[PDB]
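These notes concern the structure reproduced below.
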Amino acid sequence: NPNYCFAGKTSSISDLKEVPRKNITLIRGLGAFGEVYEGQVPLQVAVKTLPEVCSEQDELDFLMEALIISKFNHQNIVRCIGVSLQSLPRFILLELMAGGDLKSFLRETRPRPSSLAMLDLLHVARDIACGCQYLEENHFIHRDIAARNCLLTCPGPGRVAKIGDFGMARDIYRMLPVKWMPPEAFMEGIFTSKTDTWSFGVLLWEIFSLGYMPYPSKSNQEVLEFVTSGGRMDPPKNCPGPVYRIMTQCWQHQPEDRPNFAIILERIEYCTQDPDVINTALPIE
Ligand SMILES: C[C@@H](Oc1cc(-c2cnn(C3CCNCC3)c2)cnc1N)c1c(Cl)ccc(F)c1Cl
């Protein structure tokens, strides 16, 4: 059985809490390689399934993501409730995030011409940055920080954003998101904590653009050449200067010139304190 190392000692498949299949009930689909369901164990859960028709490498990938998520302990990273691996199809059981993924939420919750404010966006940003800081200080590199991989606890004002998907980190541990990647990453395949800083800047743009695809109207190859030549995205519509400034710092060409997540968090905090930032109106389509 596969071994995993994080924050120190090794984890084993046996360390995962196996939940008896009889205890698990699927309620509804929630929408990649495999399905996701709302489920009950009563404890309400999200159930990630492995296709019975998969390769042996698929099997290990699935097991590896369970190990990875199960070893984190932070409020801004989605909890793993357990697994059901001794029956087919195999399940990973996650904390149910009723708000859904962040990209869909932003697109569905955009201010209507007939609600959401700057402070709400800043709190999402802060939530994920806190998650990233935790990963950084535990020397884990996510490799794919993006709005599609973040989840929300609920739609309303009490929402908490968390990092939810670790498929890219899992793959590399043993289709590329080049629009989220720094030059040294897509050119050299070099990944560090500063890799995630760059990607967080792109996530910030996603958040304050309210769910636009990065580098609108550009293809992957065009972005590659654009970014390699020093090109950077313009501010999202109505974006406050202090927020754009965080983005452009995250996108410094040299990794050593980019902020670590402690610094990012401080600057996000300073933004939430600035009335000229949070009183700024979001654009309405
Ligand atoms: C694996 C899957 O897990 C969940 C999906 C969801 C989810 C997706 N969509 N929805 C909708 C349910 C109906 N109301 C709107 C959100 C909830 C909630 N919690 C999860 N743990 C998931 C998905 Cl599908 C997308 C991004 C992620 F980062 C993750 Cl981790």
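For this chain, numbers begin at 1 and follow the sequence in order. Only this structure's heavy atoms are used, side chains among them; waters, hydrogens and symmetry mates stay out. Order of appearance sets the numbers: ligands from 1, and atoms from 1 within every ligand.
Ring geometry for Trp251 versus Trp198: interplanar angle of 30 to 60°, hence tilted.
In terms of polar-atom proximity, defined here as any N/O pair under 3.5 Å, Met97 does make such a contact with ligand 1. When only interatomic distances are considered, the shortest N/O to N/O separation between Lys48 and ligand 1 does not fall below 3.5 Å.
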Please tabulate, one pair per line, all N/O donor-acceptor pairs under 3.5 Å involving side-chain atoms of residues 5-16, not counting sequence neighbours.
{"residue": "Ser11", "atom": "OG", "partner": "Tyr4", "partner atom": "O", "Å": "3.3"}
{"residue": "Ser12", "atom": "OG", "partner": "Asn1", "partner atom": "ND2", "Å": "3.0"}
{"residue": "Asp15", "atom": "OD2", "partner": "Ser12", "partner atom": "N", "Å": "2.5"}

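The cationic group of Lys218 lies under 6.0 Å from the six-membered ring centre of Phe226 and within 45° of the ring axis, placing it in a cation-pi geometry.
The distance from ligand 1 to the heavy atoms of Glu95 drops below 4.0 Å at these ligand atoms: 19 (N), 20 (C), 21 (N). Shown in contact with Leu94 at under 4.0 Å from a heavy atom are these atoms of ligand 1, numbered in order with element: 1 (C), 21 (N). The contact set between ligand 1 and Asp165, taken as ligand atoms under 4.0 Å from a residue heavy atom, comprises 28 (F).
The shortest contact between atom 29 (C) of ligand 1 and any protein heavy atom is with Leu151 CD1, 3.6 Å. If you check which protein heavy atom lies closest to atom 14 (N) of ligand 1, you get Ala98 O, 3.6 Å.
Within the structure, ring pair (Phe, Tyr, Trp, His ring centres under 6.0 Å) pairs that include any residue of residues 13-54 do not occur (at least two apart or interchain).
Comparing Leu30, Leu102, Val78, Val47 by heavy-atom distance to atom 8 (C) of ligand 1, the nearest is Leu30.
Looking at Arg110 and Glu285, a side-chain N of the basic residue comes within less than 4.0 Å of a carboxylate O on the acidic one, giving a salt bridge. Between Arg170 and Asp61, at least one side-chain N (NZ, or NE/NH1/NH2) sits under 4.0 Å from a carboxylate O, which counts as a salt bridge.
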